[PDB]
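Undergrad: sequence-free structure coming up:
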Ligand SMILES: [Fe+3]
Ligand SMILES: [Fe+3]
Ligand SMILES: [Fe+3]
Ligand SMILES: [Fe+3]
Ligand SMILES: [Fe+3]
Ligand SMILES: [Fe+3]
Ligand SMILES: [Fe+3]
Ligand SMILES: [Fe+3]
Ligand SMILES: [Fe+3]
Ligand SMILES: [Fe+3]
Ligand SMILES: [Fe+3]
Ligand SMILES: [Fe+3]
Ligand SMILES: [Fe+3]
Ligand SMILES: [Fe+3]
Ligand SMILES: [Fe+3]
Ligand SMILES: [Fe+3]
Ligand SMILES: [Fe+3]
Ligand SMILES: [Fe+3]
Ligand SMILES: [Fe+3]
Ligand SMILES: [Fe+3]
Ligand SMILES: [Fe+3]
Ligand SMILES: [Fe+3]
Ligand SMILES: [Fe+3]
Ligand SMILES: [Fe+3]
Ligand SMILES: [Fe+3]
Ligand SMILES: [Fe+3]
Ligand SMILES: [Fe+3]
Ligand SMILES: [Fe+3]
Ligand SMILES: [Fe+3]
Ligand SMILES: [Fe+3]
Ligand SMILES: [Fe+3]
Ligand SMILES: [Fe+3]
Ligand SMILES: [Fe+3]
Ligand SMILES: [Fe+3]
Ligand SMILES: [Fe+3]
Ligand SMILES: [Fe+3]
């Protein structure tokens, strides 16, 4: 291809796609867990988060790879490691860990692409640098609500409903 | 200048500008503290209060000084004395003390300008006499919410969100 | 906090807020000086510049700090050192020196955040890199008008009026 | 309360509320007297005056007291002393005496709040200073109509109808 | 008058006006008490209730009396007996007692007017028979909220705010 | 009259009407002088200032006197002392002196009425306290343009045209 | 000036301005007298007449003088000779005499300008020839109303209200 992208950097872009999809996959799982625990609005929140990963993150990554004629590889990175959840607090713990890993993945691809003088990839990653902050803040806020002392299921449902 | 304003009264107007800016500066600080404590809506409330001090209070004061060809002096009065905050209750304590000082500043400039027969300054201060009541009520209401017995973070966030 | 920002970098962001506020404070002061020297449109220009620092620069900085749960500290950096002004030329000299320092501050935070691999702060500073050019150009253009040979007060007022 | 109002001044504000209510009570009474004497439009005029006391005067007073956390006390001041009326002239005599007392009450609260340096109450009373003129003029004008020489019931009804 | 209403029934209509005004007077008092206790929305609720008594109840009664050329007499019945309130529960106790007395007054005038074959007054009272149920339900609902076990000030304020 | 105004204060109101009319009369004179000196836009500026005195200042004064049943007396105060003008600078000197006198007259009525406890007149003068600043600023601005070093007729005409 | 108007004719134009202003001054005085005598609508009629002299008559005269570079001089002709009025009939007597004099002054300027072959001034006076008839008719009609046998204050007020 005339774009002659380095396969190391493109593999990192592909890996970050798998990390965003791993998050999406986890969030759709956590939506069903949250609902079964009685948290309809927390469940809808996770559906929104997973849908956003598809429509805003994964879509930008696959579109960028096509712009530079590079190949997206899906693999086992995309499948989240599932533990058992007994409380809505444990659900949010897992979501916070996942989104924090998305953010670290963004930072890694951003740093390495700049190191490698791949300014096209560095430029495409800037949207993700900014938006990873937003996504981590959203999950962090809901983690705060469910971990706050002396809150009840209705309190959690009510305030999370205001993020939909 | 043909307006021949007395420098004593104009210095008091300038000082009150610094007091409104001190409040703005404190509120933007308290916004970041509130957010770090987990209170996104209380943080937004403080951003609103500080922005209002800029757009409604400081703007009217500097416009008035220009109408009468007098000089605005910014100085150390504008920099708030920062203590450490560990709870959202301590944050609101500091906000209540600050706005109460704004209100006392308004009263001082109002009283002294009338004493000095500066009816132009007395007239300009009437907006501030009225609005200082509103601003103190707003901060007082949020102080009441966070100090009420047996409330939780979600309760506070929910009711403060209704003031945005 | 889950964002785990480098306090030394976030302190630089907080210091840059104080530099933008120091510019705003100087411009509101220079508005009243300009007006008292007979320059109503130059005064309105400085009101616009200070108001823009509030609504576009300081707002973005405090919003960013809240996104990453970091603390904004206002201090004496925000208070401009005021010299006396006898001419509108000296007024614009002071404004040009101030905005040049704003631009150097932006560059410093941008450079240090990049070197520290704080890509989130580097990304947020890009808006300031671009806008600092604009603000410096605006003040430099007025500096050029008031320092050109053989211009009169009406000349200056008329052309500055076109910038409003 | 953080507003720390002077109870003796706020009691005067509460008494002025009772005076406005005493006027409203008298006007609703005088509406029924006017109607029974054959004066449908004069009766409608008194309904308008009493309704205005409720919606514009009493509403502003209780809103102000709530702004400063002060207590409204209704007492026997609010109950007008009723004499018998045989003519529409006597009806308007009573209304003129009443509204004149409303205006004296406004003046008293305004004067005492200023002397006490309660600028917040002085500011709130300014609307009443202006509007008491209007209300007294309206009643005095109808007084003039019904007391003019050689006028008949139809004359009075027709011209008062134009005030509705 | 050609309407020849019996003075006994008209005195009862006049007395019921005083009872609705007594309720209005109490509710405006209770608005200031509620606000001073920290309940801004409960205070607004009482302002709404008192304003409704003026605009919907008292207005219909004075209009009816004028239709039948009868005289409205305001007296001491209109002045509520004020006790001291220390809690928002005691405030709602007093409101519930007052509205319950309004409803009993409606029933008395309705029953006696029918007994007396005053079908005009019986017909006019039908609006009040229906609406007294609504007003007692509204106050009863807020009484229920403030007396419910384990509620806090924010809970009360939040749910009462939904009735405004 | 039921208004029972102090004729000494009302005579001051009437005198201030004559001072505003004196200013209007001077400005219509100076419009014709400015025009004859070659300054079409300065002439239009004076027509605007004189018309403003009529429609905004004199109108409010005569309307206030009628509200309180008091008598407006026009006398020699209203006739400006005319001197010869050879330059547009002399024209603006006269206008600046005149509007300074208007502002001083406003302050005199305001201060004396307040001292006399004529709160109705003090209230009516507040609009004049505020607007006298605006009118003096307007005339002062044109004075500044015509007195600035090294300006020509076209410069003056162009910038004054922007005020129309 | 290139227009080279004759000073005696332009002095007569300026004198006619003073006559229209004398009428305006008288009418604003008579408005306050009319109001104090109990005639709200007659007072509003005089405000209308005086305002029309300002906006329609005086404005055209000063605009014409500026067109031909001539100078407007206000002098004691503009100050009406006031006598005491005890009745609304005496008020209208004075107004009718004043407007008759305006009409005679129009005729005088029109006549001498034609004699002098000042066709520019003759042309400008044609608007005044026509409109003086209208203004005299208006005042004459109100004179007729207040001087008609057996009319009362309400009669006068009602029909004059139709002219507003
Ligand atoms: Fe549900
Ligand atoms: Fe996202
Ligand atoms: Fe998102
Ligand atoms: Fe948060
Ligand atoms: Fe809840
Ligand atoms: Fe709760
Ligand atoms: Fe949030
Ligand atoms: Fe405010
Ligand atoms: Fe506010
Ligand atoms: Fe409150
Ligand atoms: Fe809640
Ligand atoms: Fe900018
Ligand atoms: Fe800019
Ligand atoms: Fe030159
Ligand atoms: Fe120019
Ligand atoms: Fe009113
Ligand atoms: Fe009114
Ligand atoms: Fe007759
Ligand atoms: Fe009639
Ligand atoms: Fe509230
Ligand atoms: Fe109701
Ligand atoms: Fe209702
Ligand atoms: Fe219920
Ligand atoms: Fe609980
Ligand atoms: Fe609870
Ligand atoms: Fe709640
Ligand atoms: Fe010209
Ligand atoms: Fe003006
Ligand atoms: Fe103006
Ligand atoms: Fe100026
Ligand atoms: Fe020019
Ligand atoms: Fe130009
Ligand atoms: Fe006319
Ligand atoms: Fe006319
Ligand atoms: Fe009539
Ligand atoms: Fe008649």
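TA: Yep, it's here. Numbers count the residues shown, from 1 in each chain, chains lettered A, B, ... in the order given. Ligands and ions are numbered 1, 2, ... in the order given.
Undergrad: okay, helices next: where are they in chain A?
TA: A:7-36, A:40-52, A:59-67, A:88-115, A:119-147, A:153-161 (DSSP state H).
Undergrad: let me have the ones you listed in a markdown table, adding mean neighbour count as columns.
TA: For every residue, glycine as well, the C-beta is placed using N, CA and C. Converted to a markdown table, these look like this (neighbours: other CB atoms under 10 Å in any protein chain shown):
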| stretch | mean neighbour count |
| --- | --- |
| helix A:7-36 | 20 |
| helix A:40-52 | 20 |
| helix A:59-67 | 15 |
| helix A:88-115 | 19 |
| helix A:119-147 | 19 |
| helix A:153-161 | 18 |
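Undergrad: need those helices in a markdown table (columns: distance to chain G).
TA: Supplementary listing: those in a markdown table, determined by distance: least, CB to the nearest CB, whole Å:
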| stretch | distance to chain G |
| --- | --- |
| helix A:7-36 | 72 |
| helix A:40-52 | 63 |
| helix A:59-67 | 66 |
| helix A:88-115 | 70 |
| helix A:119-147 | 61 |
| helix A:153-161 | 59 |
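Undergrad: using TSV, lay out the ones you listed together with distance to ligand 8.
TA: Formatted as TSV, the helices of chain A follow (distance: least, CB to the ion, whole Å):
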stretch	distance to ligand 8
helix A:7-36	41
helix A:40-52	35
helix A:59-67	42
helix A:88-115	38
helix A:119-147	28
helix A:153-161	28
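Undergrad: out of those helices, the one nearest ligand 26 is which?
TA: Ligand 26 lies closest to helix A:153-161 among the helices of chain A, at 7.5 Å (CB to the ion).
Undergrad: which other helices and strands does the closest one contact?
TA: helix A:40-52, helix A:119-147, helix B:153-161 (3 or more CB pairs under 8 Å, 6 or more residues apart in numbering or on different chains; DSSP states H and E).
Undergrad: the longest one vs helix C:59-67, what angle?
TA: Looking back up the chat, that one is helix A:119-147. 60 degrees (axes from the mean of the first three to the mean of the last three CA atoms, to 10 degrees).
Undergrad: residue of chain A closest to ligand 9, please.
TA: Counting by CB to the ion, chain A gets nearest ligand 9 through residue A:162, at 23.6 Å.
Undergrad: gap between residue A:73 and residue A:18?
TA: 8 Å (CB to CB, to the nearest Å).
Undergrad: equivalent analysis for residue A:144, please.
TA: 28 Å.
Undergrad: can you check residue A:84 too?
TA: Residue A:84 is 24 Å from residue A:18, by CB to CB.
Undergrad: residues touching residue A:56, list them.
TA: Contacts of residue A:56 were listed using CB atoms under 8 Å, 6 or more residues apart in numbering or on different chains, and they are residue A:131.
Undergrad: how about a cut-off of 10 Å?
TA: Residue A:56 sits next to A:20, A:127-128, A:131, A:135 when contact means CB atoms under 10 Å, 6 or more residues apart in numbering or on different chains.
Undergrad: from those, which are also near chain D?
TA: Residues of the contacts of residue A:56 in contact with chain D (CB under 10 Å from any CB of the partner chain): none.
Undergrad: still on that earlier bit, reformat the helices and strands packed on helix A:153-161 as a markdown table; add distance to residue D:79.
TA: Below are the helices and strands packed on helix A:153-161 laid out as a markdown table (distance: least, CB to CB, whole Å):
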| stretch | distance to residue D:79 |
| --- | --- |
| helix A:40-52 | 55 |
| helix A:119-147 | 54 |
| helix B:153-161 | 40 |
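Undergrad: for residue D:92, which of those is the nearest?
TA: Checking the helices and strands packed on helix A:153-161 against residue D:92 by CB to CB gives helix B:153-161 as the closest, at 51.5 Å.
Undergrad: any idea how many residues pack against the residue in chain A that ligand 17 sits nearest to?
TA: Nearest residue of chain A to ligand 17, counting by CB to the ion: residue A:162, 43.6 Å away. Neighbours of residue A:162 under the rule other CB atoms under 10 Å in any protein chain shown: 11.
Undergrad: surely it and residue B:41 touch.
TA: Yes. Applying CB atoms under 10 Å, one finds residue A:162 in contact with residue B:41, separated by 9.3 Å.
Undergrad: for those two, list the residues in contact with both.
TA: B:157-158, B:161.
Undergrad: closest to residue E:88 among these?
TA: Of those, the one sitting nearest to residue E:88 (CB to CB) turns out to be residue B:158, at 19.0 Å.
Undergrad: nearest residue to that closest one in space, please, no chain neighbours.
TA: residue A:159 (5.9 Å; CB to CB, 6 or more residues apart in numbering or on different chains).
Undergrad: that neighbour contacts residue A:145, correct?
TA: Yes. With contact defined as CB under 10 Å, residue A:159 counts as touching residue A:145 (5.4 Å).
Undergrad: got any residues that touch both of those two?
TA: Common contacts of residue A:159 and residue A:145, defined by CB under 10 Å, 6+ apart, comprise A:151, B:40, B:153-154, B:157.
Undergrad: how about stretch A:152-164 and ligand 5, touching?
TA: Yes. Using CB under 5 Å from the ion, stretch A:152-164 reaches ligand 5 at A:155, A:158.
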